[PDB]
Structure formats: structure tokens, C-alpha cells
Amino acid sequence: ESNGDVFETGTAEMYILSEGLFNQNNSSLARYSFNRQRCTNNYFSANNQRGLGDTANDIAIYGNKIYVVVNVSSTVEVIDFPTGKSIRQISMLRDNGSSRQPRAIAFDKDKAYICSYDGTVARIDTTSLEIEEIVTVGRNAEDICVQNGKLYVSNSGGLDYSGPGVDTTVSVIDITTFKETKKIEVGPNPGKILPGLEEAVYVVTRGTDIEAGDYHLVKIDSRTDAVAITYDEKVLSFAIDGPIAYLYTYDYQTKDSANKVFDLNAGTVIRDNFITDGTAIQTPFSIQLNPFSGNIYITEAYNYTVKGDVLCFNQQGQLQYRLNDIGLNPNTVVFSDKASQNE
């Protein structure tokens, strides 16, 4: 079930979200307690006697609640952090009752913001857990983050590729008014979006035909709401640590991949292979930092039909530990420096 000493500094627990497979209704949530050295592979269903659903796509801890965005079940599952017990299942539906298909969540003050493939952002109150307001953005909204009092939302248009084609913009929402103020042109099929230093926002663009590998990283200046830099590096997903990005790209035709350390100030590669100890990853499926230790966490999805792994590296590219067979297509790892009250 693991290799290496399962250890983290400054961290009580980790949560690993697994999306399962599209239309197979088999998402799952694992919890690892560093404090108790205990892994629970089915943390949501063990405590709630039902499954998370189909294509669980994002997870975050905010305040003292865990939020899981479940894309195809079209819900936001809100969970009490101390107990692991469901507080509310928030159905995300269009005015006609159809699925919005939510994707990602971000937070500011006492509000949560969920973007959805129907082209909307919903504001939820973190106390009442009611949906308060809906605003339209661009097409097939994919990811969302907060910077400088504003929301930034990638309008992928990914589901539209065969119709009008993919979309090409990041929507900007003023949080105070909750109104869309601008659509910034960034390039085709925007995806993962993250805030960085000095009011920056970084977004991946995946091209008009995602399979072809026309991938870029784009930097937006949130002071002027305009593109500052377009890099040439092929980037499919990334994580930010100050002026350094830890990133990967994947070739859906050849199945080759690369995981790299990248200098965001220079636009040049620091290390062509992030991993320095020979550890092999076949299908990198997520990348993120543990904010309490600085370690790099990458998930492994294999051929998408067998359970994947979570790998923990230091910034020097040395594997600290891995947890294997954690869930089907693990896509997000989040961390708590406070222990829950659940064994």
C-alpha cells in the first residue's frame, strides 16, 4: 500500500480525491492521517453510507468545511471537517432543472464560487450553504481562482469544439458587485488557473484540438486585467511556488510526458526532469504543493482503468514516499495542519 516513510512536516492529514471514470459513478475520497498513521480509502462513503458520485473534479478545505465538486452528479458535497459527516448536498441545476455540471471552487471572505460547464459562476454562502446568485461568464467554464478582489475563470469551450469551436478567454468577475467586467483573450481552450506573486494569474491554454499538444502557459496581470507574458513552454498542468513553477506536459498521441522545474521570471527551464532519483510516472494526472512543507505531490493514473497512486517529492526531485492503489484516477491532493475529530 505504500513505499517510503509516510511522513510530512507541519501536516496532520491529507485528502486525495479520485474521479473514477466518466459515467461509471465511482468517485471516491481517501484520507491519510499522519497523526495516527492511518489510511481510509473510502472516507466519504464510510462516514455517509452513500457514494460521492460521478466525476468528482475538485476538493478544497475552507473554514472548517470540506467542499467536493461532483461534475456529472452535478452537486457540491459539503462535509464537516471535524466529523467527516455530510452537511449538505447542493444540487447545481439550470433554470430548467438540467445539470449545470460544476467544475471547480474558489473562496473569498464568507463566500464560495463554483464555475460550471453551462457557462456560469454560482455564489454560495459558507454559513447558510445557500446559492445566492448566478452570473454568466464564457463557454464551458473550467477552473476558477481569486486574485486582487476579482475572480478569474477559464472559459474553455472544450465541450463546444465540434460546434462553434473552443473558447479563448478568461472571464474577470468583480467580487464586490459579482458582475463580469471583462473577457481577457488568452488563447484556445484555457484550463488550469492559479494565482501567483505580485497580483499575477497564470492559466494553461490547451489548443483548438487538445489531442495535438499545442499547449501554452499565459500570465495575466491582475492590476490591468491584461496578458503580461505568453510562454513557449509546453505546459498542460502546473503548480506555483513564488517565481518557480513545477509543471508537466503529456502527449495524448505518443503517451510521452515530461515533468519540469520552470523559472517564471525568465521563461526558461531550470530542470528538464523535475524527478532526480529515477522514479517513473507513466500518466501524471495532477500536480500541487503541500503549503505546510513545500513538497511536490503528483498523482499517477496509469491507463485510467486501474487504481492510481499519490507520490510525494521534495523540491530536489527525490521521492519521500508514495501511497499506492489509493483510488481510481486520483486528481487532487489537499492538506490540513489541524487534525479532524474522526479517528
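Note that residue numbering begins at 1 and tracks the sequence as displayed.
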| property | result |
| --- | --- |
| Per the entry, higher mean C-alpha B factor between 20-28 and 5-13 | 5-13 |
| Average Cα temperature factor in the PDB entry - higher stretch of 174-182, 146-154 | 174-182 |
| Among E77, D118, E199, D167 - the residue whose C-alpha B-factor is largest in the record | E199 |
| Among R206, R88, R100, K260 - the residue whose C-alpha B-factor is largest in the record | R88 |
| Lowest, middle or highest third - CA B-factor, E300 | middle |
| Entry-reported Cα temperature factor of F285, expressed as the chain third it lands in | lowest |
| Position of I59 among the chain's modelled residues by C-alpha B-factor, lowest, middle or highest third | lowest |
| Ranked C-alpha temperature factor of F44 among modelled chain residues, by third | middle |
| Ranked C-alpha temperature factor of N324 among modelled chain residues, by third | highest |
